[PDB]
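Residue-level structure breakdown
One-letter residues, chain by chain:
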Amino acid sequence: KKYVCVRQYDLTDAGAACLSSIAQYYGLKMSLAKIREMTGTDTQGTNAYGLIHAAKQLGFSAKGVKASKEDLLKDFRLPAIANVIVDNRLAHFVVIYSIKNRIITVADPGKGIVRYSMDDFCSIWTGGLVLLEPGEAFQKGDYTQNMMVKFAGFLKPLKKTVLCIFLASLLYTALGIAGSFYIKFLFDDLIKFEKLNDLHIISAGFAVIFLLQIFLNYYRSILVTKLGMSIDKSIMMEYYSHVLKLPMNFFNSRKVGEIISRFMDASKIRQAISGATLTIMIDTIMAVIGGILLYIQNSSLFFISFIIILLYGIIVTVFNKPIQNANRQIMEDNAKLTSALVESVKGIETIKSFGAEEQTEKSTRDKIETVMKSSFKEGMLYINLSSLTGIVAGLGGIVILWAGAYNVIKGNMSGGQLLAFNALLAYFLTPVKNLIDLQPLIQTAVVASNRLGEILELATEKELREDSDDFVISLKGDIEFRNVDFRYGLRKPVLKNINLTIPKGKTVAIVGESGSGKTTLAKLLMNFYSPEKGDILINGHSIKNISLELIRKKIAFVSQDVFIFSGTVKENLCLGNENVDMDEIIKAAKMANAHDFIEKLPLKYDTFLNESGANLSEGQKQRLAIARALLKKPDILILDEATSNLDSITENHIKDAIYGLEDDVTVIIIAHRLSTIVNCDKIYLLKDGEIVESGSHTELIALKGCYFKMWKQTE
Amino acid sequence: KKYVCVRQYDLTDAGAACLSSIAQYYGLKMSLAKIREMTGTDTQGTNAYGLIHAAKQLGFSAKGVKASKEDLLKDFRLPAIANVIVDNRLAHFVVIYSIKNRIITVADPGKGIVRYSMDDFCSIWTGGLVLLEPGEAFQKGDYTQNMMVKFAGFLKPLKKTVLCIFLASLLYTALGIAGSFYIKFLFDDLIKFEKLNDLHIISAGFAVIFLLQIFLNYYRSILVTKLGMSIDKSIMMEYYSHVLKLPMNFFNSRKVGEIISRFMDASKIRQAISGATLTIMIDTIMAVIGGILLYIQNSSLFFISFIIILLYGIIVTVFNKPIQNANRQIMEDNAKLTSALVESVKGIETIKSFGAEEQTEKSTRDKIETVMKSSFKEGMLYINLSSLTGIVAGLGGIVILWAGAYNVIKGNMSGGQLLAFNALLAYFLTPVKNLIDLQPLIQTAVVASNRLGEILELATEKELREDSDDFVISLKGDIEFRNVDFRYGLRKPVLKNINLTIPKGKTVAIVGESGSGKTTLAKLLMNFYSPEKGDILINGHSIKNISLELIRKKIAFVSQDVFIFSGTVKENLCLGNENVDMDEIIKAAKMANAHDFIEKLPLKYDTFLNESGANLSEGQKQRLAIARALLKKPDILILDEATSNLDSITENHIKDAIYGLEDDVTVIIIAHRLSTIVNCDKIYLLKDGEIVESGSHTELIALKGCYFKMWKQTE
Amino acid sequence: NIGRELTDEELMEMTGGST
Amino acid sequence: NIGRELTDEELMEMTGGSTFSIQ
């Protein structure tokens, strides 16, 4: 069995690639996005426990061993996963294949396969071994499908356009090969006998042929543009729609730019499928027709032209890898410089304050020098490639003219025939050049296709649920939690065994120490996530049995870190609910005290706002959030004062709103400050992911629990 | 006097460009960065008051007039500054030049010059007129210098390399023109008489000539790369160093990306000057030598080749503008899409919560369709340009072969002479093509050169000050403020008349309502800014007379929004002060309680920190800030609890540090929460940029002022 | 002049490149 | 096996490596 290495599509997924690589090595090909979901790859990174759990889930018998400096012991079956350190900067996971006498074979998912000297690797690695072995439950299979053929589906409806492009290209080629015989007719016939009338006619004939050729080129160029855009739009929009349908777990796992890189990826995959469809259709025939014509003209000169193509092929194929290696190394060194410049600019207050203007400059200079060195090495490789292609092309041209003249002198072919042959090389070399210059595009394309298709194969949020919505129409009732444990990924559980009881139409407060566990307990109640151990009952009915649509439509969640999308204030206020009458919006708007700042706007309701409400102050912003919430007319209203200032000008307006609710609807407040919640009915204290004590303020203070100590620590 | 329009180099500077444009129109050319500094262009935008003040400062007699729908009235000075609205989205400033019978000429600094119909403009504009007129004090001048000649200075030390490149290029051309006569010698001499020995010799001769030519190309290519990198490095580093030496005012005015855009265009400046210098040196001679050789060969065919170049010149020059217009329009429509995608992705919690998955998709699709439409229009213009260049080139080739054969038949030139002429076109058209394809690069280069050079001409922070440091060596003493007014730009003053008194070695607290004015009053004390009205006295000596170096080195400022640069913890802790012994660092480290989390880092002290201490906890990051501060061993320690959570686990460690100070050094705390500051000596209340009441907690509560109401509002 | 005058505040209210 | 075994916490302590890229 040959060594297999899985490449990193994202930056954070290191261990996922290693487990996938070993999984492939033993003969089980699985989608890397699914293994990413299994291992629980957070934005921080992958825990070895996460890898062991994911392995144990696949049926691999595996254990996490502390690295021993003596790893030369025979009975340590490979392949094994050992976490190295990349140049004393970040922790990294790498796959060990075979520890030889002194050389260690390591199929680094960051960069292909590499072999280190025992002493070197032993200096690099932390040492944290994960030993895996298949134990009956493991079964060989192929669960990934070829996504390149899946994305070919969008070429099915555009058959006419493809065929029209193919005919246009074919007829362009035919007029090209026909038009290239002008010099022959010129030198052999017309100039020899000195015919004028014929020359004047033939000149116009070839001129008209060329005018029809450039017209077909123009028509083809328009159709290939339209086809390209159409497939590009189709793929981009198909991907975007699928992402939105995925659960919050997907969005917690990955970063923002990590998701949008897929759009640029989508732009690159389209190019490859379009190129593959056209090039193969119009060049594999064009090259053959050209080659046949040349082989008919003269054998010797054709076999010289074949050698020119062969040598060009070899030079490009041998130079293809180092250029991509240098390119990657430049993009790394450039990314560090731009990161350093942003970091240096963001905190100039500090640099100025410490008078460190010299050191930061010296640091930046060293990072520029590094980029220049990397740039120069890539430049040198391009110059070397350019020069050698230059040599081949030029000597090819001269030696063909030499051999041609020799064959003409010997009386094998006529004079003009050589110039016609020299003309036809344009229609023989160009196709095969274009055909050879496609392999790097296809390789980076298949990468992109897999990178994108793996995300398109993920199970949407709607499909993960089965409901019984006709059985319970209303929400309104007592909300309770039973043994509700929760963990974000495969790390320490945020919430352990929890028991709650929220009676209908009472302002219940959840206070605590950890903001994460507090905000998590809200985000859980809406059923964004699902707790592994325990369950949550609304009105004596499991949330898992209620409609997702109704749940999210009937529950309002007011976070202090509110988001505002760039639009019109009026439209922005009632987003997601169209056919809403202004008469409601203005009634709701009053409750938040929108008007007061809304009237000072140029347009009352149609004022345009800056990205993330840049022109809007925090105090006004939240009122837009409350106005959004109260418009919903929900059964549960979940407030948040988490990661807040609490200026005490908004608290009055929150009280004005909470009084303004005027229904038997439940209000859940999550404010760390005890001064705000004293008036609430039941105050629940979240301590280390456990509800310790519950009840009214007076009772909790009277009992003298943890709440008493916190309240005495307050004032 | 012809109409003059100043272009926007940055996004925010609209009014600055309009005032500069009118200033130029009357005949006073001033650097736009200086006018930006005069008008006080904040990151938000330019206030009309700012423009009027800036105008009044230049000596222009000007007034702000509320727009009247009837603006067809004669006796209003033209031109005038009227603020329009761009498609009901953002507020924009535009320059009115001539209000004709119904057409209004408006030299839009966003996009060149445009003319609107009275009714249209009248619908677009808010209407806010600023009427300007020179009133004696105004004087015509030219205060900007040509920065393109300033940046040519970096080409002075690299004379040898330029001259070596020039000789290599000249000798390449010479061997090129010599090597292009092979086909003549082949068709005329060798093939006619059927000489073999001579053919075999001449073939090798031309082969060796080509091998020397490609070798000179290789050598030139290496030298032009080295020269390019060298000038690029020089300009980039020269700019970076100058930016750091500028005062905080410069960094408050502009954004981050706004500063690094100069770094990205430093490349295109260098690229343009370098390319333009070499092109003129090696092509203006190459084209002439080629042209002379052709004019010697045959006059008719040379004048045909001249027409081909002329027509190519006309087609490129007529198509140059619309392509750039389409390009700008694409970059706009693309920037909106990517912004919309980020906005849509950042708040998927909200979209999911509201079930607005359909609307956001429909919105995105409309933005993709817009980008596709813009892309298609630019594609169409490129296809049109490509096609017409195609027609000219091809018909040029055919008609030259036609005329050639005709001239050969008539017995004006020999056969091979035509093929030699066809070969020499390669060395005549290429230079003049390259020479004509330089005008767009030069124009965008001169823009960049001015954009960069304007920043390089700004007065550095050190030059704006005169000191007397030998008169006062120490800082330690009573800190007082006298009538200290302050305004960020030309807007409402943040601080009005202020009087303070901070006695040496007492923990004085500044509490208030506005966080901006509070943090501003600290940033002022360090002398980042300078107050217009009033002054600040340390130890009975004006801060303006003390050394900048000593001031910033002797004052520590601990902000809650602390910045951490990616490096080693140990190095990061003592940034700006090298030759610092670890024995101090570890003593300081203890005072912050660094150790407790420092020991648990993988490497004790050489842990590589993630970007802005992402891996490190907020609490952990603060302790590093205090450790950084206490390492300085300052005379004033300025704390901040502004835009904070105040978890109450850090307060203990702040008290541990403040007790650990153990000197007669002043501590200034700025905490909005009254519970923390009660123990302080003198509590100063900042109300609407005014100190209302000052003294001890007990006295302030006993007096029953604004503090009493705030304290009763607390608890 | 011959136009409707403005206050130094409303001169401070007019903005360019803002909303 | 024949190696120094670790607890389930120490498995949770080991972390994977990011890398730098275009943005």
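Things to note about the overall build of chain A
The helix and strand tally for chain A stands at 25 helices and 17 strands. Radius of gyration (C-alpha) of chain A: 35 Å, far over the 27 Å computed for a compact globule of 715 residues. Counting only C-alpha atoms and orienting by the principal axes, one finds that chain A spans roughly 120 × 75 × 65 Å. A total of 715 residues make up chain A; the buried ones form 51% of that total. For chain A, contacts bridging at least 24 residues in sequence account for 74% of all contacts bridging at least 6.

Quick look at the interface of chain D and chain A
Taken together, the contact between chain D and chain A spans 18 residues of the former and 25 residues of the latter. Here the residues of the side of chain D that touches chain A sort into six nonpolar, eight polar and four charged.

Examining the sheet that holds strand β9 (residues 479–482) of chain A
Residue and element names in this part refer to chain A. Strands sit in the order β10-β9-β12-β13 across an open sheet of four strands; the sheet is antiparallel. Looking at which strands have only one partner, the edges of the open sheet turn out to be β10 (499–502) and β13 (541–542). By the bridge criterion, four bridges tie β9 to strand β12 (residues 535–538) in an arrangement that is antiparallel. Note that in β12 the partner of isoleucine 479 across the bridge is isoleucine 538. Along the sheet, helix α16 (residues 515–525) contacts β9, β10 and β12; its crossing angle with β9, the most-contacted strand, is approximately 110°.

Thoughts on the sheet that holds strand β14 (residues 555–558) of chain A
Residues and elements named next belong to chain A. Taken together, the five strands give an open sheet; going across it, the order is β14-β15-β16-β11-β17, and neighbouring strands pair in parallel fashion. Looking at strand neighbours, the two that pair on one side only are β14 and β17 (683–686), the edges of this open sheet. Each strand axis lies, on average, 15° off the axis of its neighbour in the sheet, ignoring direction. When strand β15 (residues 636–639) meets strand β16 (residues 666–669), the two strands line up parallel, connected through three bridges. Note that in β16 the partner of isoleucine 636 across the bridge is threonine 666.

As for the interface of chain A and chain B
With 113 residues of chain A in contact, the opposing surface of chain B contributes 114 residues. With both sides pooled, the region where chain A packs onto chain B buries about 10,600 Å², and carbon together with sulfur makes up 72% of that total. Broken down residue by residue, the surface that chain A buries against chain B is led by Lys352(A), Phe354(A) and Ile409(A), which jointly contribute 7%. At the junction of chain A with chain B, the criterion picks out six salt bridges. Of the charged contacts, one joins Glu349(A) and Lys523(B) as a salt bridge, the two residues approaching to 3.6 Å between their closest N and O atoms. The interface formed by chain A and chain B holds 16 residue pairs in polar contact in total. A breakdown of the residues in the side of chain A that touches chain B according to their chemical character gives 58 nonpolar, 29 polar and 26 charged.

Some thoughts on the domain arrangement of chain A
By convention, interface size is frequently given as the accessible area that disappears when the constituent parts associate. Residue and element names in this part refer to chain A. Here chain A is described as being made up of domain 1 (1–145), domain 2 (146–470) and domain 3 (471–715). Just the C-alpha atoms count here: the centres of domain 2 and domain 3 sit 54 Å apart. Approximately 1,200 Å² of surface area, both sides summed, lies buried where domain 2 meets domain 3, with 42% of it carried by carbon and sulfur atoms. Counting the surface domain 2 buries against domain 3, the share from its top three residues, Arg465, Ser468 and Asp469, is 46%.

Focus: unusual backbone geometry
Across the junction of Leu78(B) and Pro79(B), the peptide omega takes the value 10°, indicating a cis bond. With respect to the element layout, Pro79(B) can be found in the loop between β3 (60–66) and β4 (80–86). Not every positive phi belongs to a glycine, and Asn579(A) is a case in point at roughly 65°. Relative to the helices and strands, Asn579(A) resides in the loop between α18 (569–573) and α19 (582–592). Here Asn579(A) falls in the exposed class, since its relative accessible area comes to 81%.

Definitions and cut-offs
Residues numbered from 1 in each chain as written, not as in the entry; some residues may be left out. Chains lettered and ligands numbered in written order. Heavy atoms only, no water. Residues with missing side-chain atoms left out of burial classes, pairs and counts. Helix = DSSP H or I, 4+ residues; strand = E, 2+ residues; numbered from the N terminus. Rg over C-alpha atoms; globule rule 2.2 N^0.38 Å. Buried < 20%, exposed > 50% of the residue type's maximum accessible area, 1.4 Å probe, protein only. Contact = heavy atoms within 4.5 Å. Nonpolar A, V, L, I, M, F, W, Y, C, P; charged D, E, K, R; others polar. Pairing = 2+ DSSP bridges. Axes fitted to C-alpha atoms, helices over the stretch in contact; angles between N-to-C directions. Buried area = accessible area lost by both parts, 1.4 Å probe. Salt bridge = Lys/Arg side-chain N within 4 Å of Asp/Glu carboxyl O. Polar contact = N/O pair within 3.5 Å; in protein donor to acceptor, adjacent residues only side chain to side chain. Domains from an automatic or database assignment.

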